[PDB]
Amino acid sequence: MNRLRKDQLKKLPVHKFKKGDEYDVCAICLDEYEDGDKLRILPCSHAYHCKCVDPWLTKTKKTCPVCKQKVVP
Ligand SMILES: [Zn+2]
Ligand SMILES: [Zn+2]
């Protein structure tokens, strides 16, 4: 169908943001990451806030916005 189910989403890693991380700005909301934020890490290594890309993945496409690769096998 080209979107993810909840149970598929839960298979993707969640990362808590920390100061030394390379992640800097979320390319969907265009806000800086902050010390507690929850990031969704796609298997291609592209990352977003959970709150920003989860609706994308479950209502728009199950492919990475940047590299267009499917996020589940
Ligand atoms: Zn965001
Ligand atoms: Zn990607």
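Atoms within a ligand are numbered from 1 in the order they appear, just like the ligands themselves. These numbers come from the heavy atoms of this one structure, side chains and all, not from hydrogens, waters or symmetry mates. Each residue takes its place number in the sequence, starting with 1.
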Checklist entry - Given atoms SG of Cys67 and SG of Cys64, what angle do they subtend at the Zn ion (ligand 2), to the nearest 10 degrees? => result 110°
Checklist entry - Which N/O/S atom belongs to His49 and is the closest one to the Zn ion (ligand 1)? => result ND1
Checklist entry - Can you tell me if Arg40 uses its side chain to pair, donor with acceptor, with the backbone of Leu12 under 3.5 Å? => result yes
Next on the checklist: Centroid separation under 6.0 Å, is that true for the rings of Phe17 and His49?
Outcome noted: no
Item to check | Metal-centred angle, SG of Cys52 through the Zn ion (ligand 1) to SG of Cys29, rounded to 10 degrees | outcome: 110°
Checklist entry - Between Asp54 (side chain) and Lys51 (backbone), is there a donor-acceptor pair under 3.5 Å? => result no
Item to check | Check: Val25 main-chain N/O paired with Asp31 side-chain donor or acceptor under 3.5 Å | outcome: no
Checklist entry - In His46, the N, O or S atom nearest to the Zn ion (ligand 2) is which? => result ND1
